[PDB]
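To start, the structure under review is shown below, and the notes come after it.
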Amino acid sequence: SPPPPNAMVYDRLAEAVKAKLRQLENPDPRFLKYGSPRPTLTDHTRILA
Amino acid sequence: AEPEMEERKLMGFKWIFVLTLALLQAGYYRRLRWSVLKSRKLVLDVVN
């Protein structure tokens, strides 16, 4: 006799916040190949003509 | 050594007795001010 986790509105509004957060956990490593948030200093000589 | 022992045992019987009457007044006064809270009914909407 505990309520099942879809019976109360506040219990099944909480299984939908856990499912929105499980798609922030498996990053695709082909979309992370060239960009970096750390600044580096680079050379621009080939394009400066 | 103790020339005060008879003035002392007679003052301590008068004030332990008088103070156990104020303890019966203060436990009634406490349970009278707290009875609206201790018997109230409350409905809330939550189950588990």
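Every chain in the structure tokens has a letter given in the order shown (A, B, ...), and although residue numbers restart at 1 in each chain, ligands are simply numbered from 1 in the order shown.
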
- [ ] Using only C-alpha atoms, find the residues of chain B whose closest atom to chain A is at most 10 Å away, then write them as an MDAnalysis selection string.
- [x] chainID B and resid 46:48

Expected file contents, prior selection, N, CA and C atoms, as a PDB file, in the first residue's frame:
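Writing done, so here's result_30.pdb:
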ATOM      1  N   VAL B  46      -1.674  16.099   1.424  1.00  0.00           N
ATOM      2  CA  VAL B  46      -0.543  15.264   1.046  1.00  0.00           C
ATOM      3  C   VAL B  46      -0.785  13.860   1.588  1.00  0.00           C
ATOM      4  N   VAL B  47      -0.300  12.850   0.874  1.00  0.00           N
ATOM      5  CA  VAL B  47      -0.531  11.470   1.287  1.00  0.00           C
ATOM      6  C   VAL B  47       0.780  10.800   1.666  1.00  0.00           C
ATOM      7  N   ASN B  48       1.725  10.736   0.738  1.00  0.00           N
ATOM      8  CA  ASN B  48       3.031  10.175   1.045  1.00  0.00           C
ATOM      9  C   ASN B  48       4.139  11.175   0.768  1.00  0.00           C
TER      10      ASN B  48
END

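Assigned to alpha helix (DSSP H) in chain A, given DSSP computed from backbone atoms, are residues 9, 10, 11, 12, 17, 18, 19 and 20 of chain A.
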